[PDB]
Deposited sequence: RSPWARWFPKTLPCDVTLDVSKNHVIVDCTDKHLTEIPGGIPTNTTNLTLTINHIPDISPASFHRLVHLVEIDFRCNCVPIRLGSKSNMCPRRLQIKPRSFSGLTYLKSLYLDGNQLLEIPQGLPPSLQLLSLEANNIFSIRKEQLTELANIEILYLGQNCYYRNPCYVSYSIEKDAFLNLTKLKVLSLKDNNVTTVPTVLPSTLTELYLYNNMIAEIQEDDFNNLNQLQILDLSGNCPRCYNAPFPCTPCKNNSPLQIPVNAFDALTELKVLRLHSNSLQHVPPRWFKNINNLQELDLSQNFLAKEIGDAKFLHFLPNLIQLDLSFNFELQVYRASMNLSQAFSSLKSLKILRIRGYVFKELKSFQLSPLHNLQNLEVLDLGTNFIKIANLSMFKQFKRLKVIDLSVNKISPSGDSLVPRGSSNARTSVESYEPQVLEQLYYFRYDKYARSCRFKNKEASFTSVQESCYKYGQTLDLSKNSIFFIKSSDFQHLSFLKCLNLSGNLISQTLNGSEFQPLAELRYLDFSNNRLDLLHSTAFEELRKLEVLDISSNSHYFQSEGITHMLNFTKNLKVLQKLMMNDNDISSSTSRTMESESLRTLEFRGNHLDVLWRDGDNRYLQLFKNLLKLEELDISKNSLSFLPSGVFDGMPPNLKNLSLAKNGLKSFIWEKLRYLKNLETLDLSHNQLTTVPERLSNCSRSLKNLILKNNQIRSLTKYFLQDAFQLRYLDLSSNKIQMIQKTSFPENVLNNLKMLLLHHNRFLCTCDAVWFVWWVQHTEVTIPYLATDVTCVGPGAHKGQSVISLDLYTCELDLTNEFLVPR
């Protein structure tokens, strides 16, 4: 189909609209820029390679470049691979970029550069130099950046990339950068706010530095500023997961009461981890447009009960007061100032880490008349006692979050404690259902109906990671008549009663994954036929339950479309010679997707496929140790579309796939032990659209197995990490791979000859077998 094989080890994409030729060589194990990059390339990404220098030769012909991404070709030792350390910093020879008259964006992060590269073109709007060794900014080195709008200089001096001195910035270094909108000097060991800064700035990042004091002039001229982040200067270091040095004399970051007066356009102020003890109202006199305020990880426990500053914040949308607790103090109650009633526009309130014993309805009264309140997050508070019925006055909320508490009768997992949650790297949920109460990771042992009195509006309840060891019998959730989603994962469900959960008449999704406990002990009655009573259930997750026994022999539903049954013991239930459970799933009449991966199914007894429900479309048998498979039995699965046999020990494919299924579109066989294909494997398999044979032991593929009238209809064919022998017997396959339009990933990287000797480790895409045609 193609007249010229694509030999370039980079993906190449078009956007004729925007006149773009996108060349992506990310992580291609390159040690030189590859020859034959298109002359018309506009976007060239060389991120995560080992190219040791840049020169006028590098981009010679490439005069139409608007963006070079040359990140992490020499990462700082502590940030980078320890098995392939960069021996010496990127060397940039003079005149490498001056040619590139259209260059708009240059990322040179993670290259251990010692200086801001000179001779940059005046077209440059974005320069990124994070994670280098540049720790002295001189005005002279910035004259080249006349038209720069975005400048990232952070991570040049911190614990993962130390420079062992204070950061230096010359007086007025940035002032003549008259179009500069975004300046980031984070994670840099900076000691003072650099002045004077250009009045064009909209975003200023100075977080995770060693700034002890703001001078009252520091932000005088910054009347277009919309985002200011001063977090992590005088950090709160308790339980820090990074080396954390507090300001001496236990000082806060010292901010004069009028420091923000010029900042009339400010929308986001981040004062996280500044050891603040008070928030002066005077801070907010001349900002009424502030929408986001982060005051997490300070010492503001007393202030929260006072908080007059809140009176000045009527347009505030998000407020974070998390982790403000006084060390070794466990308060009886939460004490919110009445001032919270003045946050008319508030949508998100987060107060984790206040640390208190009992939540009472009255303590939340100041929020009662906030009409736009959508999220109330009281996670990680060691709350022992909360009458959940108080949330009847919060029907308007989307999320009520009490996760990680001590109650008994998404932000990243590291959010409040991580050093820099916006760090760029260089290694290679039920809310949508409506109102959600998150009681995950609490100490709830026993539940009953009255616990949920007045909460019938709830659409999602998260009970994940509690201690519920109850024989649920369908009387425990009686008020929750509108619940569509129940997360009961990581409890100890005792499924004695086939009536469990039946009172949840609106339930569409039930997760009882990781409730293995009672399934582990012999002689205990379990009723897996409990699905019969759940009349509108669409999806059931029963993963990692260690299920090896069941009192009932069949599960029935007229609604269920998805069953996840991974991490059980169907191998035990279907022990060879025991026919009793071979119809376990047969009566799930509307089931379209069944995951029975990780069931130790080293073989499938006869009867399993005949026992499958009739509309089954997607079947996973992945990670079962399957050593054999009677392909002809797929004839029983008349609606089968996707079969996943990945990570098994299969050694063969069927003589004729066409004869095993009329319907099969997507066949996943990756990570098996297949050494060759059958002579007529895919002949007449016209319905096939996706075939994964990667990570097998295939040596040879011939046209009889892989007819072109089937291959050329595939959306993807995965062939990498096989054992291809590149002899004259391989001429057809090599020609066909070189010349096909069918998508085949990792050609540049992992579609390799293993022999014979001449060709060992050679990419098949580059292979020249002219000697076979002499």
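Gaps in the coordinates relative to the deposited sequence fall at 1 to 4, 414 to 436, 456 to 467, 814 to 823.
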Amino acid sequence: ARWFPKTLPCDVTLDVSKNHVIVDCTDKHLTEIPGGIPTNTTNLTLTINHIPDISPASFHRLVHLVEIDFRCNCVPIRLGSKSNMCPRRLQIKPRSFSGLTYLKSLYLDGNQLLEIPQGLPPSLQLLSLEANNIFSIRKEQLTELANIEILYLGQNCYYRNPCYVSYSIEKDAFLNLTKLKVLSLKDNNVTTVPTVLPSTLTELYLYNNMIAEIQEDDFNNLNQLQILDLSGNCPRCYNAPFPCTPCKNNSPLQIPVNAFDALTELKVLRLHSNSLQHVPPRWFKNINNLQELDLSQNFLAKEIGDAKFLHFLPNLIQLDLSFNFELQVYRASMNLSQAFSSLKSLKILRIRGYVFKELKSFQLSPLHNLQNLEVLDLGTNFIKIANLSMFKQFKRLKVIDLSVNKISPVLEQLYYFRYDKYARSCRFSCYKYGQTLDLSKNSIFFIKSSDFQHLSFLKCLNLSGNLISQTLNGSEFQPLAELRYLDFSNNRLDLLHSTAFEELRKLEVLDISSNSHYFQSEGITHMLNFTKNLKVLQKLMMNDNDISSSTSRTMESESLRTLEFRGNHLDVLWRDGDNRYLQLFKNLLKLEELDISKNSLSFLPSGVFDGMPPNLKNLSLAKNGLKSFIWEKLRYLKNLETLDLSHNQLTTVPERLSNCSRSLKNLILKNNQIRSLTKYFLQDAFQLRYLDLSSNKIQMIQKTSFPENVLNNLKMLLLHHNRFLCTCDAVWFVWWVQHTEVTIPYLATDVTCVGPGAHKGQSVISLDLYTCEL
From here on, numbers count along this sequence of modelled residues.
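Here, rigid core means the biggest group of C-alpha atoms that superpose within 1.5 Å across both forms.
Taking the rigid core as the alignment reference, the C-alpha atoms of 418 to 426 lie farther on average from the displayed form in 5 other deposited structures of this protein than those of the other stretch among 418 to 426 and 120 to 128. Checked against the record, the higher mean CA B factor of 501 to 509 and 80 to 88 lies with 80 to 88. The stretch 219 to 227 shows the higher mean C-alpha B-factor when 219 to 227 is compared against 432 to 440 in the entry. The maximum CA B-factor among the listed residues 471, 254, 403, 361, taken from the PDB record, is found at 361. When the C-alpha B-factors of 625, 232, 119, 154 are read from the PDB record, the largest value belongs to 119. Ranked by Cα temperature factor within the chain, residue 413 sits in the highest third according to the deposited record.
Residue 59: CA B factor in the highest third of modelled residues in this chain (values from the PDB entry). In this PDB entry, the Cα temperature factor of residue 379 sits in the bottom third of its chain's modelled residues, the lowest group. In the PDB entry, a CA B factor belonging to the lowest third of its chain's modelled residues is recorded for residue 459. Placement of the Cα temperature factor of residue 735 within the chain: middle third of the modelled residues, per the deposited record.
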